[PDB]
Amino acid sequence: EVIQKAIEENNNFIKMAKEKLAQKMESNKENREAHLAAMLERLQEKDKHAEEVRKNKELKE
Amino acid sequence: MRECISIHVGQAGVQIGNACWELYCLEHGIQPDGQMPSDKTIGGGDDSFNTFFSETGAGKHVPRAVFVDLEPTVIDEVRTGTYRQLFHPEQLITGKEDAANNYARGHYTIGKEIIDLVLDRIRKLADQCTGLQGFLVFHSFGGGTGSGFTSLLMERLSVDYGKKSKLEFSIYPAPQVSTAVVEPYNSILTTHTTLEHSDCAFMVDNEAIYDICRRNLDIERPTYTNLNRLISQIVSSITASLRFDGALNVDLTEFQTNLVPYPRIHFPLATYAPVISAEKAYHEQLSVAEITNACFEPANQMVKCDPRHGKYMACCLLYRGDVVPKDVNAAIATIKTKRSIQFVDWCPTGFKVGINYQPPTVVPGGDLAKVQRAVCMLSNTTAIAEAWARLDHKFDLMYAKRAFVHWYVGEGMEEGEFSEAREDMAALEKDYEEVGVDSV
Amino acid sequence: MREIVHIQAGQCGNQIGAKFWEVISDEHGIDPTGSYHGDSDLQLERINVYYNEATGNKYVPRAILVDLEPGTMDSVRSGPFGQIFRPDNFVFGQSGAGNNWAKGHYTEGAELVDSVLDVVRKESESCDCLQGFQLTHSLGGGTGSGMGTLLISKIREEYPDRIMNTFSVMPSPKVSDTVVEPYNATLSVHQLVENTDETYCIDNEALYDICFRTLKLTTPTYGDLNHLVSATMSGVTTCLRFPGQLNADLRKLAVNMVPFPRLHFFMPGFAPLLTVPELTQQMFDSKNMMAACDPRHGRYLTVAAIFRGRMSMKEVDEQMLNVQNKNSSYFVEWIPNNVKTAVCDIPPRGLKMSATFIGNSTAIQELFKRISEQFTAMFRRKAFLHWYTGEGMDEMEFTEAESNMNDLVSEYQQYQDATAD
Ligand SMILES: Nc1nc2c(ncn2[C@@H]2O[C@H](COP(=O)(O)OP(=O)(O)OP(=O)(O)O)[C@@H](O)[C@H]2O)c(=O)[nH]1
Ligand SMILES: Nc1nc2c(ncn2[C@@H]2O[C@H](COP(=O)(O)OP(=O)(O)O)[C@@H](O)[C@H]2O)c(=O)[nH]1
Ligand SMILES: [Ca+2]
Ligand SMILES: [Mg+2]
Ligand SMILES: [Mg+2]
């Protein structure tokens, strides 16, 4: 019982490590790209704005 | 058998590694082309040094080490330096972009891009070992690779190597040489993350080492070269038990048994002596009594803290050189008459002694005198927690205003990781308080 | 190995761009024919951050010259080092600035932005590892400010994880060749707060005041002002261009200097305009500031300080400690160890010993207050809005820029009043 417990706890420690690592890389890639998603979408309301100002300038005559 | 693989991570880790491996070759008679005239075991062997050096049929003795940085600058010096034939190119691993003093970049963004190759190369070292004992991980607390990538590597090493032992030599920030204002942030996160993955971490306080260089060596303004050479002498003493053998030798793992009363209480305090310049050592031969005394002067600690205001849970003395039991016993005894080194009540008060009879040596052009004998004392004391308190306070001042946190969130981290790391350290600090209270 | 892409844009941008290149190519031993010519290999250790290896081992500025107006190109080539700039990087389209931020950003600027974005790509693709970008430009004009900030937005879109670093020159009513520059300036800064990581704040008022009040020049040349900006810009890039124990790059500097993303406006400083105590004291004096702000009227968040020349590094550490200890109430207690200092033992020429100061001070709000005091000074009465609504713009975009820039001054104030308890 003792040696199969030393084995079981070494394995559960590897297990949880393996998982805590995988779960954090997934939360990180998500969070990082959401911030790049958020950053680019910000820049594109600037692109869409840079035209409503240019198109507005044609609406004169 | 009993091979140990060193892993030097980031600028500090790598430059400490230059210092350590240069000293190791000099101590073992290994030339910069890896040749060791002494070793008649061509292409292999089981001598004591083989714990740290593999062998090739060409007679070249090759560090069981790996340098990894996310940036090529500093390993490139290894690549073109004097000792550049020691290593197979594949032991020297660099990326292109560094972690910019950011833990997140070192652990996630940049580091995840190179973690698998680093493991793939550590594995190549493991598979030349017949009885791999564990790893020695040299890194700084403060850099984005030293903090972020090491704790990544450590997690990956637990998974891939089970409970195979991992010892750290961690470089603790000093504001005299601190290169980033976010070093406390990185320091807290890396300590939280490797805590359950490290069996034993020897913290090296740059300010302690810096102070010792100014004071004991009249070095007006010490450089990393100054620090690393002294650092390496301490590391040589801690690993001497592994690299040489003799009757009075005591394997470092035997000290580890005494040094770690509970898994989180695995931060020993090191004290070294003599640190002394050739000018001052000339005509002053230093007894084992004088260097032993010097162990208990706090000026010679590797971490700045006051053992006098904490309790001991262990005191070890690691002697190298011309040193005999009788003289040690005598020196210790007067230390006990002339000093109240108080222990926690759950703890025997013996001092555990080892003697490596191979005398220390110096790297030429150093300012450290070549002495006949040396000692490194390794003690576990609650006073080392002062080093957590100093860092924890600096983290706190910034984190309360969230200063610089946005650089970390920007790379995918959440505030919760900061709070959870800071609380672990809160708890570590009370661990250190609890073990010092008397039993009931 | 770690490359920066440089971009001059508009009048002021291209002229201070030129002096920058003249100053630094001299320091790296690069003659106007792009041939190495120096005395030490330290000159070339990190030459790649600013130069390309060329045919026959020539070195070519990774620079991009931009303007909506002729004159500025023949002057860069006719000027010294004008041939070292590769000729394709002159991107350039003629219908004029008109000192109109509207034309620079939206209308007349947007035509050849795709043509500047084109050439930037060609330069990033050769980057072994592109740190990021460096923009010299005005905030008072129309090309440098309006198209300049349009590039940033477009460049950030293509290189969102690159560091965007600008040297913006702020308009002063002395030196002022126009009168609408307060509009232009706060329209640019409304852009800068959002899309640059580090902005060195170069104030013509501060520069003019140095040559006049300090250097004694009743009539100061633009060449006098730019002699300031040249030695400054060489200072704050000494960490990027030479080997130093911080392997300094745009990102590591931004991390150490920017505690909150919108507070990325630095108050630069230079000494002399000699002993390390004197050099240190001067470098922190209000009179040696390149932004027209008094640092004893706010508080340093962070400070970078680079010393150049043969000195004792022990003295510099003693002196840098001295200034912080003796001036403790002027550095926020809640960013510990917030004053970093480097030493380069290779001086700029003409000086045996110089000091450059980069400060994130909340006293920089004085500079935005002056501009907000005169941006409004056409906007109660609604003056010259036709110059802008004519190119299509809306009124709120003028008021948003206003609030955004006032949101930033108060944000600087909020952290000036914050305490550790
Ligand atoms: N003792 C000693 N400390 C060093 C050395 N190099 C850097 N440090 C310390 O390490 C900390 C910064 O960590 P670095 O090793 O430079 O960071 P890094 O591992 O290169 O991480 P990044 O460059 O940001 O990716 C600072 O506290 C320095 O004082 C060294 O050679 N010896
Ligand atoms: N310091 C400095 N300022 C300049 C220089 N040239 C123009 N300026 C300033 O730039 C502002 C006008 O911007 P400018 O670059 O000329 O407009 P552009 O043609 O639209 O790029 C005014 O505040 C000028 O004082 C120069 O060489 N040095
Ligand atoms: Ca003597
Ligand atoms: Mg590095
Ligand atoms: Mg113009």
# chains A, B, ... in the order shown; residues from 1 in each chain; ligands from 1
call {"tool": "residues_near_ligand", "arguments": {"ligand": "ligand 2", "cutoff": "6 Å", "atoms": "only C-alpha atoms and all ligand atoms", "output": "list in words"}}
result
residues 10, 11, 12, 13, 15, 16, 97, 99, 138, 140, 141, 142, 143, 144, 171, 175, 176, 177, 204, 222, 225 and 226 of chain C
call {"tool": "residues_around", "arguments": {"residues": "residue 57 in chain B", "least_positions_apart": "4", "cutoff": "8 Å", "atoms": "only C-alpha atoms", "output": "list in words"}}
result
residues 42, 43 and 44 of chain B
call {"tool": "write_last_selection", "arguments": {"atoms": "C-alpha atoms", "output": "short mmCIF file (atom, residue, chain, number, x, y, z; two decimals), in the first residue's frame"}}
result
data_model
loop_
_atom_site.label_atom_id
_atom_site.label_comp_id
_atom_site.auth_asym_id
_atom_site.auth_seq_id
_atom_site.Cartn_x
_atom_site.Cartn_y
_atom_site.Cartn_z
CA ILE B 42 39.08 8.19 -21.93
CA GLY B 43 35.54 8.52 -23.30
CA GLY B 44 33.88 7.88 -19.94
#
call {"tool": "closest_residue", "arguments": {"among": "C:381, C:86, C:6, C:251", "to": "ligand 1", "atoms": "only C-alpha atoms and all ligand atoms"}}
result
C:251
call {"tool": "closest_residue", "arguments": {"among": "B:368, B:122, B:397, B:387", "to": "chain C", "atoms": "only C-alpha atoms"}}
result
B:397
call {"tool": "closest_residue", "arguments": {"among": "B:190, B:56, B:73, B:31", "to": "ligand 4", "atoms": "only C-alpha atoms and all ligand atoms"}}
result
B:73
call {"tool": "interface_residues", "arguments": {"of": "chain C", "to": "chain B", "cutoff": "7 Å", "atoms": "only C-alpha atoms", "output": "MDAnalysis selection string"}}
result
chainID C and resid 246 251:252 255:256 258:260 313:314 334:338 420
call {"tool": "select_by_dssp", "arguments": {"residues": "range 45-219 of chain B", "states": "strand (DSSP E or B)", "output": "PyMOL selection string"}}
result
chain B and resi 53-55+60-63+65-69+92-94+134-140+165-172+200-205
call {"tool": "closest_atom_pairs", "arguments": {"of": "chain C", "to": "chain A", "cutoff": "7 Å", "atoms": "only C-alpha atoms", "output": "CSV"}}
result
residue,atom,partner,partner_atom,distance
C:106,CA,A:50,CA,5.8
C:107,CA,A:54,CA,6.3
C:153,CA,A:43,CA,6.6
C:157,CA,A:40,CA,6.2
C:390,CA,A:57,CA,6.5
C:391,CA,A:57,CA,5.5
C:392,CA,A:57,CA,4.1
C:393,CA,A:53,CA,5.3
call {"tool": "atom_distance", "arguments": {"atom1": "CA of residue 330 in chain B", "atom2": "CA of residue 351 in chain B"}}
result
12.6 Å
call {"tool": "residues_near_ligand", "arguments": {"ligand": "ligand 3", "cutoff": "9 Å", "atoms": "only C-alpha atoms and all ligand atoms", "output": "list in words"}}
result
residues 279, 280, 281, 282, 283 and 284 of chain B
call {"tool": "residues_near_ligand", "arguments": {"ligand": "ligand 4", "cutoff": "12 Å", "atoms": "only C-alpha atoms and all ligand atoms", "output": "PDB file with N, CA, C and O atoms, in the first residue's frame"}}
result
ATOM      1  N   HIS B   8      21.329  26.968 -16.764  1.00  0.00           N
ATOM      2  CA  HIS B   8      21.560  28.380 -16.523  1.00  0.00           C
ATOM      3  C   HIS B   8      20.656  29.195 -17.434  1.00  0.00           C
ATOM      4  O   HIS B   8      20.737  29.081 -18.658  1.00  0.00           O
ATOM      5  N   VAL B   9      19.821  30.033 -16.833  1.00  0.00           N
ATOM      6  CA  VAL B   9      18.676  30.627 -17.502  1.00  0.00           C
ATOM      7  C   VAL B   9      18.776  32.139 -17.413  1.00  0.00           C
ATOM      8  O   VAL B   9      18.817  32.713 -16.314  1.00  0.00           O
ATOM      9  N   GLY B  10      18.751  32.782 -18.567  1.00  0.00           N
ATOM     10  CA  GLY B  10      18.775  34.226 -18.637  1.00  0.00           C
ATOM     11  C   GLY B  10      20.185  34.749 -18.494  1.00  0.00           C
ATOM     12  O   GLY B  10      21.159  33.991 -18.332  1.00  0.00           O
ATOM     13  N   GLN B  11      20.293  36.086 -18.523  1.00  0.00           N
ATOM     14  CA  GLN B  11      21.615  36.694 -18.459  1.00  0.00           C
ATOM     15  C   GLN B  11      22.355  36.293 -17.191  1.00  0.00           C
ATOM     16  O   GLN B  11      23.498  35.828 -17.262  1.00  0.00           O
ATOM     17  N   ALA B  12      21.729  36.487 -16.022  1.00  0.00           N
ATOM     18  CA  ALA B  12      22.411  36.223 -14.754  1.00  0.00           C
ATOM     19  C   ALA B  12      22.779  34.758 -14.635  1.00  0.00           C
ATOM     20  O   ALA B  12      23.941  34.423 -14.374  1.00  0.00           O
ATOM     21  N   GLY B  13      21.800  33.871 -14.842  1.00  0.00           N
ATOM     22  CA  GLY B  13      22.088  32.447 -14.864  1.00  0.00           C
ATOM     23  C   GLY B  13      23.268  32.095 -15.752  1.00  0.00           C
ATOM     24  O   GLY B  13      24.162  31.345 -15.351  1.00  0.00           O
ATOM     25  N   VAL B  14      23.299  32.645 -16.966  1.00  0.00           N
ATOM     26  CA  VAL B  14      24.345  32.261 -17.913  1.00  0.00           C
ATOM     27  C   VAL B  14      25.700  32.788 -17.451  1.00  0.00           C
ATOM     28  O   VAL B  14      26.712  32.082 -17.511  1.00  0.00           O
ATOM     29  N   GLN B  15      25.738  34.014 -16.936  1.00  0.00           N
ATOM     30  CA  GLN B  15      27.021  34.597 -16.564  1.00  0.00           C
ATOM     31  C   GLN B  15      27.545  34.031 -15.257  1.00  0.00           C
ATOM     32  O   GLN B  15      28.761  33.937 -15.083  1.00  0.00           O
ATOM     33  N   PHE B  67      22.767  26.260 -21.331  1.00  0.00           N
ATOM     34  CA  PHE B  67      22.533  27.679 -21.202  1.00  0.00           C
ATOM     35  C   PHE B  67      21.364  27.988 -22.114  1.00  0.00           C
ATOM     36  O   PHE B  67      21.309  27.489 -23.237  1.00  0.00           O
ATOM     37  N   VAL B  68      20.403  28.742 -21.619  1.00  0.00           N
ATOM     38  CA  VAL B  68      19.268  29.132 -22.425  1.00  0.00           C
ATOM     39  C   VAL B  68      18.979  30.587 -22.092  1.00  0.00           C
ATOM     40  O   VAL B  68      18.924  30.952 -20.921  1.00  0.00           O
ATOM     41  N   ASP B  69      18.928  31.436 -23.112  1.00  0.00           N
ATOM     42  CA  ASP B  69      18.434  32.798 -22.987  1.00  0.00           C
ATOM     43  C   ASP B  69      17.507  33.061 -24.174  1.00  0.00           C
ATOM     44  O   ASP B  69      17.627  32.427 -25.224  1.00  0.00           O
ATOM     45  N   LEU B  70      16.537  33.952 -23.981  1.00  0.00           N
ATOM     46  CA  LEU B  70      15.630  34.342 -25.054  1.00  0.00           C
ATOM     47  C   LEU B  70      16.271  35.315 -26.036  1.00  0.00           C
ATOM     48  O   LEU B  70      15.640  35.717 -27.026  1.00  0.00           O
ATOM     49  N   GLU B  71      17.517  35.685 -25.788  1.00  0.00           N
ATOM     50  CA  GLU B  71      18.227  36.649 -26.552  1.00  0.00           C
ATOM     51  C   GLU B  71      19.633  36.094 -26.735  1.00  0.00           C
ATOM     52  O   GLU B  71      20.166  35.422 -25.828  1.00  0.00           O
ATOM     53  N   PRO B  72      20.249  36.344 -27.895  1.00  0.00           N
ATOM     54  CA  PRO B  72      21.547  35.730 -28.183  1.00  0.00           C
ATOM     55  C   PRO B  72      22.733  36.444 -27.575  1.00  0.00           C
ATOM     56  O   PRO B  72      23.800  35.826 -27.489  1.00  0.00           O
ATOM     57  N   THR B  73      22.589  37.702 -27.136  1.00  0.00           N
ATOM     58  CA  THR B  73      23.757  38.522 -26.808  1.00  0.00           C
ATOM     59  C   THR B  73      24.721  37.804 -25.878  1.00  0.00           C
ATOM     60  O   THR B  73      25.909  37.677 -26.173  1.00  0.00           O
ATOM     61  N   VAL B  74      24.225  37.324 -24.752  1.00  0.00           N
ATOM     62  CA  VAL B  74      25.135  36.913 -23.694  1.00  0.00           C
ATOM     63  C   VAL B  74      25.643  35.485 -23.918  1.00  0.00           C
ATOM     64  O   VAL B  74      26.808  35.182 -23.644  1.00  0.00           O
ATOM     65  N   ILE B  75      24.803  34.591 -24.442  1.00  0.00           N
ATOM     66  CA  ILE B  75      25.312  33.266 -24.786  1.00  0.00           C
ATOM     67  C   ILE B  75      26.284  33.334 -25.973  1.00  0.00           C
ATOM     68  O   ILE B  75      27.258  32.574 -26.029  1.00  0.00           O
ATOM     69  N   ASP B  76      26.080  34.258 -26.913  1.00  0.00           N
ATOM     70  CA  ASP B  76      27.064  34.441 -27.982  1.00  0.00           C
ATOM     71  C   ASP B  76      28.482  34.620 -27.432  1.00  0.00           C
ATOM     72  O   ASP B  76      29.456  34.218 -28.084  1.00  0.00           O
ATOM     73  N   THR B  94      19.575  29.937 -27.698  1.00  0.00           N
ATOM     74  CA  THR B  94      19.107  31.312 -27.670  1.00  0.00           C
ATOM     75  C   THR B  94      17.890  31.482 -28.571  1.00  0.00           C
ATOM     76  O   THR B  94      17.749  30.806 -29.588  1.00  0.00           O
ATOM     77  N   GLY B  95      17.015  32.404 -28.190  1.00  0.00           N
ATOM     78  CA  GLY B  95      16.005  32.942 -29.073  1.00  0.00           C
ATOM     79  C   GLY B  95      16.522  34.192 -29.745  1.00  0.00           C
ATOM     80  O   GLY B  95      17.730  34.370 -29.941  1.00  0.00           O
ATOM     81  N   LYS B  96      15.603  35.070 -30.098  1.00  0.00           N
ATOM     82  CA  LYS B  96      15.939  36.345 -30.716  1.00  0.00           C
ATOM     83  C   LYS B  96      15.433  37.540 -29.929  1.00  0.00           C
ATOM     84  O   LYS B  96      16.168  38.513 -29.758  1.00  0.00           O
ATOM     85  N   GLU B  97      14.188  37.502 -29.470  1.00  0.00           N
ATOM     86  CA  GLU B  97      13.586  38.556 -28.663  1.00  0.00           C
ATOM     87  C   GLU B  97      13.657  38.142 -27.197  1.00  0.00           C
ATOM     88  O   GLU B  97      13.339  36.997 -26.872  1.00  0.00           O
ATOM     89  N   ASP B  98      14.071  39.052 -26.305  1.00  0.00           N
ATOM     90  CA  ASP B  98      14.041  38.671 -24.897  1.00  0.00           C
ATOM     91  C   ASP B  98      12.683  39.028 -24.270  1.00  0.00           C
ATOM     92  O   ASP B  98      11.751  39.500 -24.934  1.00  0.00           O
ATOM     93  N   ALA B  99      12.565  38.789 -22.971  1.00  0.00           N
ATOM     94  CA  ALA B  99      11.308  38.955 -22.264  1.00  0.00           C
ATOM     95  C   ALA B  99      11.115  40.365 -21.725  1.00  0.00           C
ATOM     96  O   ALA B  99      10.118  40.621 -21.032  1.00  0.00           O
ATOM     97  N   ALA B 100      12.052  41.274 -22.009  1.00  0.00           N
ATOM     98  CA  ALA B 100      11.869  42.695 -21.716  1.00  0.00           C
ATOM     99  C   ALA B 100      11.513  42.931 -20.253  1.00  0.00           C
ATOM    100  O   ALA B 100      10.597  43.691 -19.925  1.00  0.00           O
ATOM    101  N   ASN B 101      12.242  42.252 -19.367  1.00  0.00           N
ATOM    102  CA  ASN B 101      12.010  42.364 -17.937  1.00  0.00           C
ATOM    103  C   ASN B 101      10.565  42.055 -17.581  1.00  0.00           C
ATOM    104  O   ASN B 101      10.052  42.580 -16.591  1.00  0.00           O
ATOM    105  N   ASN B 102       9.886  41.225 -18.387  1.00  0.00           N
ATOM    106  CA  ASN B 102       8.472  40.898 -18.163  1.00  0.00           C
ATOM    107  C   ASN B 102       8.324  39.404 -17.894  1.00  0.00           C
ATOM    108  O   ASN B 102       8.766  38.564 -18.696  1.00  0.00           O
ATOM    109  N   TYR B 103       7.702  39.081 -16.759  1.00  0.00           N
ATOM    110  CA  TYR B 103       7.492  37.689 -16.372  1.00  0.00           C
ATOM    111  C   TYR B 103       6.626  36.989 -17.394  1.00  0.00           C
ATOM    112  O   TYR B 103       6.936  35.872 -17.819  1.00  0.00           O
ATOM    113  N   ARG B 105       6.080  37.611 -20.602  1.00  0.00           N
ATOM    114  CA  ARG B 105       6.789  37.301 -21.841  1.00  0.00           C
ATOM    115  C   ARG B 105       7.677  36.089 -21.656  1.00  0.00           C
ATOM    116  O   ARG B 105       7.747  35.228 -22.537  1.00  0.00           O
ATOM    117  N   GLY B 106       8.357  36.002 -20.505  1.00  0.00           N
ATOM    118  CA  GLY B 106       9.295  34.919 -20.281  1.00  0.00           C
ATOM    119  C   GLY B 106       8.626  33.582 -20.040  1.00  0.00           C
ATOM    120  O   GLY B 106       9.143  32.547 -20.465  1.00  0.00           O
ATOM    121  N   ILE B 110       7.018  34.799 -25.126  1.00  0.00           N
ATOM    122  CA  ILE B 110       8.245  34.421 -25.818  1.00  0.00           C
ATOM    123  C   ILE B 110       8.665  33.019 -25.429  1.00  0.00           C
ATOM    124  O   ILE B 110       9.076  32.222 -26.278  1.00  0.00           O
ATOM    125  N   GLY B 111       8.567  32.700 -24.139  1.00  0.00           N
ATOM    126  CA  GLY B 111       9.148  31.472 -23.635  1.00  0.00           C
ATOM    127  C   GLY B 111       8.466  30.226 -24.142  1.00  0.00           C
ATOM    128  O   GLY B 111       9.125  29.206 -24.358  1.00  0.00           O
ATOM    129  N   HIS B 139      19.277  31.175 -12.075  1.00  0.00           N
ATOM    130  CA  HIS B 139      18.467  32.193 -12.731  1.00  0.00           C
ATOM    131  C   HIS B 139      18.386  33.385 -11.808  1.00  0.00           C
ATOM    132  O   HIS B 139      18.699  33.287 -10.622  1.00  0.00           O
ATOM    133  N   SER B 140      17.949  34.511 -12.351  1.00  0.00           N
ATOM    134  CA  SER B 140      17.716  35.668 -11.508  1.00  0.00           C
ATOM    135  C   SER B 140      16.230  35.730 -11.153  1.00  0.00           C
ATOM    136  O   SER B 140      15.384  35.152 -11.840  1.00  0.00           O
ATOM    137  N   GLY B 142      14.803  38.670 -11.096  1.00  0.00           N
ATOM    138  CA  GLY B 142      14.355  39.986 -11.510  1.00  0.00           C
ATOM    139  C   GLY B 142      14.048  40.147 -12.985  1.00  0.00           C
ATOM    140  O   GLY B 142      13.131  40.907 -13.326  1.00  0.00           O
ATOM    141  N   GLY B 143      14.805  39.443 -13.855  1.00  0.00           N
ATOM    142  CA  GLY B 143      14.575  39.506 -15.287  1.00  0.00           C
ATOM    143  C   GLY B 143      13.340  38.737 -15.742  1.00  0.00           C
ATOM    144  O   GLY B 143      12.761  37.918 -15.035  1.00  0.00           O
ATOM    145  N   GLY B 144      12.915  39.016 -16.974  1.00  0.00           N
ATOM    146  CA  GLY B 144      11.731  38.363 -17.498  1.00  0.00           C
ATOM    147  C   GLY B 144      11.985  36.945 -17.936  1.00  0.00           C
ATOM    148  O   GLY B 144      11.066  36.126 -17.928  1.00  0.00           O
ATOM    149  N   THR B 145      13.223  36.630 -18.331  1.00  0.00           N
ATOM    150  CA  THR B 145      13.604  35.239 -18.565  1.00  0.00           C
ATOM    151  C   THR B 145      13.957  34.524 -17.257  1.00  0.00           C
ATOM    152  O   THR B 145      13.444  33.431 -16.985  1.00  0.00           O
ATOM    153  N   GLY B 146      14.820  35.140 -16.428  1.00  0.00           N
ATOM    154  CA  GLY B 146      15.181  34.543 -15.147  1.00  0.00           C
ATOM    155  C   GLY B 146      13.989  34.187 -14.277  1.00  0.00           C
ATOM    156  O   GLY B 146      13.997  33.168 -13.577  1.00  0.00           O
ATOM    157  N   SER B 147      12.950  35.019 -14.305  1.00  0.00           N
ATOM    158  CA  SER B 147      11.737  34.738 -13.548  1.00  0.00           C
ATOM    159  C   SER B 147      10.743  33.930 -14.378  1.00  0.00           C
ATOM    160  O   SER B 147      10.430  32.784 -14.045  1.00  0.00           O
ATOM    161  N   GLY B 148      10.253  34.522 -15.467  1.00  0.00           N
ATOM    162  CA  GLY B 148       9.197  33.893 -16.245  1.00  0.00           C
ATOM    163  C   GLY B 148       9.592  32.570 -16.872  1.00  0.00           C
ATOM    164  O   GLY B 148       8.814  31.623 -16.863  1.00  0.00           O
ATOM    165  N   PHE B 149      10.786  32.482 -17.448  1.00  0.00           N
ATOM    166  CA  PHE B 149      11.073  31.248 -18.178  1.00  0.00           C
ATOM    167  C   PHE B 149      11.466  30.122 -17.234  1.00  0.00           C
ATOM    168  O   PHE B 149      11.087  28.965 -17.460  1.00  0.00           O
ATOM    169  N   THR B 179      18.067  46.371 -12.777  1.00  0.00           N
ATOM    170  CA  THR B 179      17.901  46.832 -14.152  1.00  0.00           C
ATOM    171  C   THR B 179      16.447  47.164 -14.532  1.00  0.00           C
ATOM    172  O   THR B 179      16.211  47.645 -15.650  1.00  0.00           O
TER     173      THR B 179
ATOM    174  N   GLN C 245      25.224  47.494 -20.067  1.00  0.00           N
ATOM    175  CA  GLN C 245      24.886  46.341 -19.227  1.00  0.00           C
ATOM    176  C   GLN C 245      23.388  46.150 -19.064  1.00  0.00           C
ATOM    177  O   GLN C 245      22.962  45.048 -18.690  1.00  0.00           O
ATOM    178  N   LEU C 246      22.591  47.193 -19.312  1.00  0.00           N
ATOM    179  CA  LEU C 246      21.259  47.000 -19.866  1.00  0.00           C
ATOM    180  C   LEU C 246      21.425  46.977 -21.383  1.00  0.00           C
ATOM    181  O   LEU C 246      21.959  47.931 -21.973  1.00  0.00           O
ATOM    182  N   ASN C 247      21.025  45.858 -21.998  1.00  0.00           N
ATOM    183  CA  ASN C 247      20.935  45.666 -23.448  1.00  0.00           C
ATOM    184  C   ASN C 247      19.715  46.434 -23.968  1.00  0.00           C
ATOM    185  O   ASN C 247      18.707  45.821 -24.359  1.00  0.00           O
ATOM    186  N   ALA C 248      19.776  47.772 -23.936  1.00  0.00           N
ATOM    187  CA  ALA C 248      18.544  48.546 -23.931  1.00  0.00           C
ATOM    188  C   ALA C 248      17.879  48.464 -25.287  1.00  0.00           C
ATOM    189  O   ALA C 248      18.542  48.483 -26.328  1.00  0.00           O
ATOM    190  N   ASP C 249      16.555  48.329 -25.248  1.00  0.00           N
ATOM    191  CA  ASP C 249      15.700  48.298 -26.415  1.00  0.00           C
ATOM    192  C   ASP C 249      14.463  49.112 -26.089  1.00  0.00           C
ATOM    193  O   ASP C 249      14.224  49.481 -24.940  1.00  0.00           O
ATOM    194  N   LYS C 252      12.169  47.346 -23.208  1.00  0.00           N
ATOM    195  CA  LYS C 252      12.666  47.415 -21.848  1.00  0.00           C
ATOM    196  C   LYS C 252      12.636  48.842 -21.326  1.00  0.00           C
ATOM    197  O   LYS C 252      12.369  49.065 -20.138  1.00  0.00           O
TER     198      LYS C 252
END
call {"tool": "atom_distance", "arguments": {"atom1": "CA of residue 83 in chain B", "atom2": "CA of residue 270 in chain B"}}
result
28.4 Å
call {"tool": "interface_residues", "arguments": {"of": "chain B", "to": "chain A", "cutoff": "8 Å", "atoms": "only C-alpha atoms", "output": "ChimeraX atom specification"}}
result
/B:108,155-156,158-160,162-163,409-413
call {"tool": "atom_distance", "arguments": {"atom1": "CA of residue 91 in chain B", "atom2": "CA of residue 104 in chain B"}}
result
24.6 Å
call {"tool": "residues_around", "arguments": {"residues": "residue 341 in chain C", "least_positions_apart": "2", "cutoff": "6 Å", "atoms": "only C-alpha atoms", "output": "VMD selection string"}}
result
chain C and resid 304 to 306
call {"tool": "residues_around", "arguments": {"residues": "range 360-367 of chain B", "least_positions_apart": "3", "cutoff": "8 Å", "atoms": "only C-alpha atoms", "output": "list in words"}}
result
residues 22, 23, 26, 27, 217, 229, 276, 277, 278, 320, 321, 370, 371, 372, 373 and 374 of chain B
call {"tool": "closest_residue", "arguments": {"among": "B:240, B:426, B:78, B:212", "to": "residue 49 in chain B", "atoms": "only C-alpha atoms"}}
result
B:240
call {"tool": "select_by_dssp", "arguments": {"residues": "range 64-121 of chain C", "states": "alpha helix (DSSP H)", "output": "PyMOL selection string"}}
result
chain C and resi 72-78+101-105+107-121
call {"tool": "residues_around", "arguments": {"residues": "residue 39 in chain C", "least_positions_apart": "5", "cutoff": "12 Å", "atoms": "only C-alpha atoms", "output": "ChimeraX atom specification"}}
result
/C:26-30,44,346
call {"tool": "write_last_selection", "arguments": {"atoms": "N, CA and C atoms", "output": "CSV table (one decimal), in the first residue's frame"}}
result
chain,number,residue,atom,x,y,z
C,26,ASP,N,28.0,60.2,-37.5
C,26,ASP,CA,29.3,60.7,-37.0
C,26,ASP,C,29.8,59.8,-35.9
C,27,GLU,N,29.0,59.6,-34.9
C,27,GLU,CA,29.4,58.9,-33.7
C,27,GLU,C,29.7,57.4,-34.0
C,28,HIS,N,29.1,56.8,-35.0
C,28,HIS,CA,29.4,55.5,-35.4
C,28,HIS,C,30.5,55.3,-36.4
C,29,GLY,N,31.0,56.5,-36.9
C,29,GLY,CA,32.1,56.5,-37.9
C,29,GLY,C,31.6,56.1,-39.2
C,30,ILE,N,30.4,56.7,-39.6
C,30,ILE,CA,29.8,56.5,-40.9
C,30,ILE,C,29.9,57.8,-41.7
C,44,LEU,N,30.4,49.7,-34.0
C,44,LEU,CA,29.6,48.9,-34.9
C,44,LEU,C,29.0,47.7,-34.2
C,346,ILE,N,31.9,56.8,-23.9
C,346,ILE,CA,32.1,57.4,-25.2
C,346,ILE,C,31.3,58.6,-25.3
